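*Asks:* sequence unknown, structure follows:
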Ligand SMILES: [Zn+2]
Ligand SMILES: [Zn+2]
Ligand SMILES: [Zn+2]
Ligand SMILES: [Zn+2]
């Protein structure tokens, strides 16, 4: 298909509340962020939950109980639940929302890696909540763990529930890790490969980095994968644009970037969706509907989730 | 400078009038086309002249005599004259407009090559004028000659007058050909390098082709060049977008593509300038004014031309 | 096949006899060079003729009349005749030897280009014959002409005799030119693609240049091409090695480089064949025999030529 | 310098003794392996220790006590100690040898990653010691931890003893992680960058993977890094060859590959040094002596160590 799938990651677990008043924190804010992103043109909504009180990341399925059914009734957009949450968290817990809610899509980080969030402390030096500075400073000695055993376990369990994955690949090794699983017939096509650029601990944001992730994926998966680009921070729209211009899909959201322009905070997820849509439109491309995305990605349908 | 220079090539010598009623032909059309593109945001107007009776290319300086002053009186956009014109034509004669008019910019094809235009005879079967079919078929057996001696001659002759060049580079060899002249101290920075993609006889339009040209230019010239992208035909906006997303400048225009969208003919050069501007705006980038383009390219000034 | 085909180009038309006493000139020297290179392991001998009195290039078939049958009676190596000769020569004159001798292989330059030989005048300043300096200096205003019409003519005329081609591609555009002919069905597989690096007027000799020719050829031709590398001068063995290590075939010979090591003239063609064989053996690869080359390239056989 | 530094990794912690009777286990074997490699041309010996009763990896400084002085007394080859050892082991234990012996070089893995060793159980089914199968199977569920804090600690601690590092970069993210520390001035040039290809959990062995690692490094470090290539298993010689041909340094050894040719076990480490030297010689390059490698790498000297 020539339609462009816009995934919008509304809040995540990396950014903290003190960085931007626009980062969704409460169940209502997450729901509104999502419906607005979807209304703006996002076919897939990539969701994390946070504590309505202080915004700290939470993977308790309780935290999703309110917004999921609310999003589902307010938009046909595809709900995509994180199996990652915060890198500080631990496995099997991380999988509760996905295992409980049995979503059409869940995110799967394709390899253990460092996540260097501490440099954000050079831009943000004062925080409303104590957990914020800690979350960033402790990133320095934490490993985001997704071993070959962890990945196999997620694939079997969630796959068993009709849940397909957004394979988050932060470097060439992640595409090769995915290839390993594909060869073992543990994942079935099409593979939704979200190539992530610009995070310390992952591949950088250079145009050469993007071209290499594409040539690798093309060589390893051929016609069996569906490509999406995720550029962190300021690289969000330019890397998405480069990919859009050559047939890729795009991912935006306050989870990945807090900005709408140099030195200007994005007020809503929808704003970012709008901006990538101006590029998509200039390229004479059309944005994919949730129905189109479901077809392109081989998803189970909204009537088949536990919510 | 983070500003994007938009070059608009208004008519050229490749397309023929029977392929689109919007291709400018007469001096008034060429002038209106240029003025409108400049007002849409083009800082540089790349110009060829056509015979007003049948639209065939002509490098007779008399053919530019009316439209040149008319453009100059209505816009401060930089006038860029071609030193090629038609590959059917010969050298030093090819230089008459640039040597006479002493423009701020002149284009310079960086190497002898084949120009395969004959395949257009498969989309366009009926022509109003006899020359059109012949122009296209005769490209099969002709070489666009730009020898190392010819290039040296153009660099010396036009450069002596303060004319700077739009170095038209159709393949890697052209970049290496320019480095040869830079190493002989026959060209001085900044080098306005227009990498041209998608013409039979030149490099193709794949994203790998574009990344190759950039990495070569980066290695050969470092910070001493100013990069512009020209994608032929349907590749105009996609390749320009890829470049613009990574700091490059852009070239549009009916000389290069007759289209505004799939199967939809562009009514004006301005429309193509508006189309690439949606992408430039999506990227939160600004368009360079003619004054800014002059500074970026080291040009002599709108008043310092012989028209 | 994992066997490596070694082509040896014994004299060429670029180098001049005053540059090295080891450059073959007379029919006896050419035959000895050829036989020696075949005995060293070259399965393909790429041939030009020179005038025995002064070494000047000549495409007169009479100039090949002695050495050709002598090489044929002494080795089963594949004889590959140039259709390029000297770029100073005219076309169809260039074709006399290949059309008369109906060889198994003929070289075919895939596009018009500049051929800058004049910088060699900076290293070689004394010449025994006046034509030598002239040959070099005059390359400055020379186009090496191989229009789309010329290539079509050679393909049809030589191809009609069962002659297959060593497609000499000096840049990306040449690979795209070849795909144009493959699509029009004017050339049948396998395609023996000789990617040529390091000639002024061609693509350079950077590892990036080699990697780009390969990825382009792979995309355009898939499994239908047989790849060979030709690195000019000092790049001969380094580039051939980078290629051999990833499945390529290799071209060596005094036509392409006069050197065996830095500042050290190669005394024979054989010496260069032995140097690449050292690399091939280090890689645990084997050299293809003439019979094996013939199978890999679909050749008509040593007895099926007109000499 | 155009001299090639050959690093020989004599045993490592990946391979198990049941895999090859030639894998060095005892102090005597390690020392003779190291001296033979140096005699064959290795300027740098990359060392791990094994428990001599069962060959299991051990980072007890006591396991190095005999071989280090034996090696130092018989060769000037630079001693390079591992800081990884077995990915099963912990961090304080990992650093004892380097911190105690204060070698001129120590290896430093540049990012936490999965190490997929379990596929080797498809080739090796029978093991002499119980630890061997467990070593391989437990790789499925273990992370090789090298956090941003860990790396900072190693740089400060070992750096303080004059020890310089062989930065083992298994993917693009590792080069970027090194750039982070270089920007923080926590490592001084020249940086010995050992790019590692072909391990499940790291970047693969494709020529493109290699070109991208060089392009990334060239861009991040410019002239401030010294490049070495490590291809795992069968990719050992081809990838080293590709690097050697373009000015890089090379790494061989039974730690990295058990083979000397397809299906033929390497009898010694020295056999592998000889094999890459066939390529080096074919390329007309010379091997660096230990004195030369010390200059190239800015090393402290063979007597400035604690053994
Ligand atoms: Zn997420
Ligand atoms: Zn033009
Ligand atoms: Zn030749
Ligand atoms: Zn090691």
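*Replies:* Received the coordinates, thanks. Numbering: from 1, shown residues only, chains lettered A, B, ... in the order given. Ligands and ions are numbered 1, 2, ... in the order given.

*Asks:* Identify the residue nearest the residue of the stretch 201-307 of chain A found nearest ligand 3 in space, chain neighbours excluded?
*Replies:* Distances between the stretch 201-307 of chain A and ligand 3 by Cβ to the ion are smallest at residue A:215, namely 32.7 Å. C-betas here are computed from N, CA, C, even on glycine. Using Cβ to Cβ, 6 or more residues apart in numbering or on different chains and skipping residues adjacent in sequence, the residue nearest residue A:215 is residue D:208, 6.0 Å away.

*Asks:* any chance you could map the helices in the stretch 101-250 of chain A?
*Replies:* Secondary structure of the stretch 101-250 of chain A (DSSP state H, counting those that start in this stretch): helices at A:130-137, A:148-160, A:172-183, A:207-221, A:236-244.

*Asks:* and the angle for the fourth one with helix B:236-244?
*Replies:* Orientation check (axes from the mean of the first three to the mean of the last three Cα atoms, to 10 degrees): helix A:207-221 against helix B:236-244 gives 120 degrees.

*Asks:* Check the helices of the stretch 101-250 of chain A for me and report the most buried one.
*Replies:* Comparing those by mean neighbour count (mean count of other Cβ atoms under 10 Å in any protein chain shown), helix A:236-244 comes out on top with a mean of 28.

*Asks:* Check which helices and strands that one is in contact with.
*Replies:* When contacts are defined as 3 or more Cβ pairs under 8 Å, 6 or more residues apart in numbering or on different chains; DSSP states H and E, helix A:236-244 sits against helix A:207-221, strand A:225-231, strand A:249-252, helix A:269-282, helix B:236-244, helix B:269-282.

*Asks:* what about it, distance to the chain center?
*Replies:* Put simply, helix A:236-244 sits 15 Å off its chain's centre (Cα atoms, centre = their mean, to the nearest Å).

*Asks:* Just the residues contacting it, thanks.
*Replies:* A:4, A:197-198, A:205, A:207, A:210, A:214, A:227-231, A:249-252, A:256-257, A:259, A:272, A:275-276, A:279-280, A:283, A:285, B:207, B:241-242, B:244-246, B:279, B:282-284 (Cβ atoms under 8 Å, 6 or more residues apart in numbering or on different chains).

*Asks:* orientation of it relative to helix A:269-282 in degrees?
*Replies:* Using the same axes, to 10 degrees, helix A:236-244 lies at 40 degrees relative to helix A:269-282.

*Asks:* tell me the angle helix A:236-244 makes with strand A:225-231.
*Replies:* Going by the same axes, to 10 degrees, helix A:236-244 makes 160 degrees with strand A:225-231.

*Asks:* circling back: of the helices and strands packed on helix A:236-244, which is nearest residue D:51?
*Replies:* helix A:207-221 (38.5 Å; Cβ to Cβ).

*Asks:* Could you give the separation of the closest one from the chain centroid?
*Replies:* For helix A:207-221, the distance to the chain centre is 19 Å (Cα atoms, centre = their mean).

*Asks:* Ok, stretch A:112-130 next?
*Replies:* 19 Å.

*Asks:* Show me what counts as buried in that stretch.
*Replies:* A:112, A:113, A:114, A:115, A:116, A:117, A:118, A:120, A:127, A:129 (16 or more other Cβ atoms under 10 Å in any protein chain shown).

*Asks:* What is the end-to-end distance of that stretch?
*Replies:* 27 Å (Cα to Cα, to the nearest Å).

*Asks:* do that stretch and chain D meet at all?
*Replies:* Yes. Stretch A:112-130 reaches chain D (Cβ under 8 Å from any Cβ of the partner chain) through A:112, A:113, A:114, A:116, A:118.

*Asks:* So what touches that stretch?
*Replies:* Here stretch A:112-130 has contacts from A:14, A:16-19, A:54-56, A:87, A:133, A:135-137, A:139-140, A:142-147, A:170-171, A:199-202, D:111-114, D:143, D:146-148, D:173, D:177, D:180, using Cβ under 8 Å, 6+ apart.

*Asks:* are any of those buried, and which?
*Replies:* Taking 16+ other Cβ under 10 Å as the criterion, what is buried in the contacts of stretch A:112-130 is A:14, A:16-19, A:55-56, A:87, A:133, A:135-136, A:139-140, A:142-147, A:170-171, A:199-202, D:111-114, D:143, D:146-148, D:173, D:177, D:180.

*Asks:* picking that back up, next up, the contacts around the residue nearest to residue A:215.
*Replies:* A:212, A:215, A:216, A:219, C:211, C:215.

*Asks:* For ligand 4, what's its nearest residue on chain A.
*Replies:* Closest point on chain A to ligand 4, by Cβ to the ion, is residue A:173, at 18.0 Å.

*Asks:* Surely that residue and residue D:196 touch.
*Replies:* No. Residue A:173 is beyond contact range of residue D:196, at 10.7 Å (criterion: Cβ atoms under 8 Å).

*Asks:* which residues touch the residue nearest to residue A:265 when sequence neighbours are not counted?
*Replies:* Closest residue to residue A:265 apart from its sequence neighbours, by Cβ to Cβ, 6+ apart: residue A:20 at 5.1 Å. Residues near residue A:20 by Cβ under 8 Å, 6+ apart: A:254, A:258, A:265, A:266.

*Asks:* now the closest residue to ligand 2 within the stretch 1-150 of chain A, nearest residue through space, not along the chain?
*Replies:* Proximity to ligand 2, evaluated over the stretch 1-150 of chain A using Cβ to the ion, is greatest for residue A:2 at 30.7 Å. Excluding its sequence neighbours, the residue lying closest to residue A:2 (Cβ to Cβ, 6+ apart) is residue A:285, at 6.6 Å.

*Asks:* For that neighbour, grab the count of nearby residues.
*Replies:* Residue A:285 has 18 neighbouring residues, counting by other Cβ atoms under 10 Å in any protein chain shown.

*Asks:* do you know how far it is from residue B:243?
*Replies:* 17 Å (Cβ to Cβ, to the nearest Å).

*Asks:* now swap in residue A:107 and tell me
*Replies:* From residue A:107 to residue B:243 the distance is 32 Å (Cβ to Cβ).

*Asks:* which residues pair with the closest residue to ligand 1 within the stretch 51-200 of chain A across the strands?
*Replies:* In the stretch 51-200 of chain A, no residue comes nearer to ligand 1 than residue A:82, which is 4.5 Å away by Cβ to the ion. Beta bridges link residue A:82 to residue A:107, judged by DSSP bridges.

*Asks:* That one is in contact with residue A:57, isn't it?
*Replies:* No. Between residue A:82 and residue A:57 there is no contact under Cβ under 8 Å: 9.3 Å.

*Asks:* Of those two, give the one with the bigger neighbour count.
*Replies:* The neighbour comparison of residue A:82 against residue A:57 (other Cβ under 10 Å) goes to residue A:82, with 26 against 23.

*Asks:* what's near enough to touch that one?
*Replies:* A:12, A:13, A:46, A:47, A:48, A:59, A:94, A:97, A:98, A:106, A:107.

*Asks:* how close does the residue in the stretch 51-200 of chain A that ligand 2 sits nearest to get to residue A:212?
*Replies:* Going by Cβ to the ion, ligand 2 is nearest to residue A:197 of the stretch 51-200 of chain A, at 36.1 Å. To residue A:212, residue A:197 is 11 Å away according to Cβ to Cβ.

*Asks:* Report the separation between the two terminal residues of stretch A:59-73.
*Replies:* 22 Å.

*Asks:* And it, what's buried?
*Replies:* A:59, A:61, A:63, A:64, A:66, A:67, A:68, A:70, A:71, A:72.

*Asks:* Inside helices: which ones of those?
*Replies:* Among the buried residues of stretch A:59-73, the members falling in helices (DSSP state H) are A:61, A:63, A:64, A:67, A:68, A:70, A:71, A:72.

*Asks:* Verify the contact between the second one and residue A:49 for me.
*Replies:* Yes. Counting by Cβ under 8 Å, a contact exists between residue A:63 and residue A:49, whose distance comes to 3.5 Å.
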